[PDB]
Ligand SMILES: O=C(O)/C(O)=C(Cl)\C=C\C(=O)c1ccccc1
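What follows is a single chain, given as structure tokens, in the form solved without the ligand.
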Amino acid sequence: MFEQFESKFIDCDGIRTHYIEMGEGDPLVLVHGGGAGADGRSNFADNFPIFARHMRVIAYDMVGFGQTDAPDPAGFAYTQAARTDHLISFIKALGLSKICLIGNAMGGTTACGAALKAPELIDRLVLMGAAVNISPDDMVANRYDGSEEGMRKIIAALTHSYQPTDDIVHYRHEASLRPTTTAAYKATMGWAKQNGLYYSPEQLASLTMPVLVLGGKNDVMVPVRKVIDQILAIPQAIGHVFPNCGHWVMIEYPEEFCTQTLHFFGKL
């Protein structure tokens, strides 16, 4: 699946990193979510050609995910900081400046970290159901199971009223079972569950570029009150709340997602 995009690879301080790209113009980098089997292609395949009309659009696979190196977790610590440095490494590796940058969930954690840690690379940031204020306790109070049904339950949970295709289910399911990424995933989520996916309101308010904050009203992973807290904690932030929408705005409402982001990026 997804062979309409040419897989490319580049080295990011010794992490070999898979990415796809499409279109021409100013660079836009998309960061996928941190669910099991997640990667760039499957997260953003529907948005890619809409965005490619206006921008040079790039989705990469985060360390531990997709077809990017998933270093052995016996010697690699799967911390937010590693994700964050990988992204910065990636953006630099392609020689990109002044990017537009969008992150879903843990990918939002990561986009946010790069924006704070390396603002000179990033002109605009979009946080979309982004885990940027989820504490260990926040994860506690919220609350995989193997198989093709288990994956179908995941998807029905992260979405409001969206029926995935069989090809999509099977791609994600197979993906969740790749053994290197399954290990990296178990580490990634273990660390997240104990340390949370979290920046302080002070750090959030320290973001230096324009920011748009997106959220589905029915999202159960990053509930809408958390999205609101981000709109309110980040002074310059625009907020847009989608109704009848779970944790995958970009998949559940792809046209509206691309319209709002492209408008915010100044391409309409």
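All residue numbers refer to positions in the sequence shown, first residue = 1.
Beyond the structure shown, there is the form deposited with the ligand bound, which is absent from this document and is the topic of what follows.
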One residue of 169, 94, 189, 88 in contact with the ligand, assessed in the entry with it bound (non-hydrogen atom, 4.5 angstroms): 189
Position in contact with the ligand when the complex is considered in the entry with it bound, options 112, 122, 102, 197, heavy atoms within 4.5 Å: 197
Any non-hydrogen atom of residue 248 within 4.5 angstroms of the ligand in the entry with it bound: yes
Interface membership of residue 184, the ligand in the entry with it bound, 4.5 Å heavy atom rule: no
Contact of residue 33 with the ligand in the entry with it bound (heavy atom, 4.5 Å): yes
Partner contact for residue 118 in the entry with it bound: the ligand, 4.5 angstroms, heavy atom: no
Answer range among 224 to 232, 53 to 61, 202 to 210, 37 to 45 for contact with the ligand, defined in the entry with it bound as heavy atoms within 4.5 Å: 37 to 45
Contacts with the ligand in the entry with it bound - residues in 160 to 177 whose heavy atoms fall within 4.5 Å: none
